[PDB]
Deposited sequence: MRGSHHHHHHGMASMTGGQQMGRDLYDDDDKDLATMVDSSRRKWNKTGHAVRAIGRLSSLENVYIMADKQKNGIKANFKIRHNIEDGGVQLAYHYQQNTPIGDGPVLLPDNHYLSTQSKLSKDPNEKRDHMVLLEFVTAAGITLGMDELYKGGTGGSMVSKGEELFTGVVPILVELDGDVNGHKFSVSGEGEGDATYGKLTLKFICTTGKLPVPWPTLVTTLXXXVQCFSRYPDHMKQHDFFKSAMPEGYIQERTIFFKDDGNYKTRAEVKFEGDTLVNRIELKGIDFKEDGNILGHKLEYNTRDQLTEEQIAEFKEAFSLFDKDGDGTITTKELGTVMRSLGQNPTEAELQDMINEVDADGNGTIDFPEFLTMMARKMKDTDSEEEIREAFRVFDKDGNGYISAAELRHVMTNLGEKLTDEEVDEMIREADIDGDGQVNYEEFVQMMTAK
């Protein structure tokens, strides 16, 4: 009677919470300033329990005088990952970011065709506490990939690293082909733009930032000015009560090259064409609708193809070994229970991989436990665990 009333009621309020994921920078155009505006919120997890909310308000403006692409309403989707360098004695932060544009159904772009070296210099002052951060890294707009390492050059960071994340280069965001006309950030380079932000930390102080994002050579640079005020000495920020920390770096790299098998033209995505091409090489034959449905299945944002992040979130999961036996069937074409150096070579070739004969044998040897020169099921399984 009442137990059910609590249940149904709880499930409803909880459902809202599960729907209230995201996470998303909403971009709007601002004609008055030949630029864009944006706003979003960040949930910083608190060590012990709770969530520190930070409301962001963002305004961008071209530094140069040239023409600029003013976008229609859309949003940026981003994944962050913080970690530490075991060998670093300085107060530092390692960061991995994947930004992708969505929300829709030029010259400064060729600047972001390959890997671009990044430099970030931060000068901030929170409650009279002066500090400085500097970060080196690189960006890959093709995957919306972003990897940098920041170091505090003033000693100990007065605030939690997570709070500075949003402040420490949206020009590396990954814009889909059908939205490359809404990419304000790249159409502003090399001259670059100005990024201003007010960040309100609920029940605490606020940040005010002004940054210059431009090209100082072949290097993309981010010079930032920050000012924090009204922060409580016992608050989550000055009190360092927010959690800092999920895969391994090298771990993710594995999925990177796996992804590169499908993405054969290195444009950073997997189309239904590239997908079908691969499955067909592996002796499978999906229809056009199936291909589309497969992609649409993991393409949550709805851009069109399959992004590296999507590939990533899919491959991370766990549960259901059936996929392994299924993977074994793919290798074992004749289906007799063993994987031969030939069949293994055949799979490699199909996937479009250039492995020698010493290298293939090396792979066999790495899994061939009984030494029969083959790879049976019980070894294929253990080899993948």
Fill in: Gaps in the model (deposited sequence, numbered from 1)
1-38, 144-159, 223-225, 303-305, 380-383, 450-451
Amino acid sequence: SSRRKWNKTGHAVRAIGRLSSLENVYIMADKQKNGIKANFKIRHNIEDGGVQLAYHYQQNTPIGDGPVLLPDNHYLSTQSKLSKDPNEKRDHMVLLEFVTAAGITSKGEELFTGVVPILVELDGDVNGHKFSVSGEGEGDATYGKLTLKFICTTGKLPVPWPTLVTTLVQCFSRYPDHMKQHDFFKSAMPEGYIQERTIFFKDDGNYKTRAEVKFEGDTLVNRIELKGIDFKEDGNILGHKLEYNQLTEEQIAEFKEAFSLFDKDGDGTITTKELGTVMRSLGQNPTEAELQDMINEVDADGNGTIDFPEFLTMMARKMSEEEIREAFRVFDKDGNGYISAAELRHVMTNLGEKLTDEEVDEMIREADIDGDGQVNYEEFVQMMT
From here on, numbers count along this sequence of modelled residues.
Worksheet item: Averaged over C-alpha atoms, is the B-factor higher for 226-234 or for 281-289 in this PDB entry?
Response: 281-289
Worksheet item: For the C-alpha atoms alone, is the average B factor greater in 204-212 or in 290-298, going by the entry?
Response: 290-298
Response to the item:
Among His129, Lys241, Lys107, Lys84, the highest C-alpha B-factor in the PDB entry belongs to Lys107
Worksheet item: Out of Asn303, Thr100, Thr167, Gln170, which residue has the highest Cα temperature factor in the PDB record?
Response: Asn303
Discussion item. For the chain shown, is the CA B-factor of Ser134 in the lowest, middle or highest third of its modelled residues?
Written reply: lowest
Item to complete: Compare the C-alpha B factor of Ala316 with those of the other modelled residues in its chain, then answer lowest, middle or highest third.
Response: highest
Discussion item. Based on the deposited C-alpha B factors for this chain, I'd like to know if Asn60 is in the lowest, middle or highest third.
Written reply: lowest
Item to complete: Consider only the C-alpha atoms of the modelled residues in this chain, order them by B-factor as the entry records it, and name the third containing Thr219: lowest, middle or highest.
Response: lowest
Practice prompt. Would you please rank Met348 by its C-alpha temperature factor against the other modelled residues of its chain and give the third it falls in: lowest, middle or highest?
Written response: highest
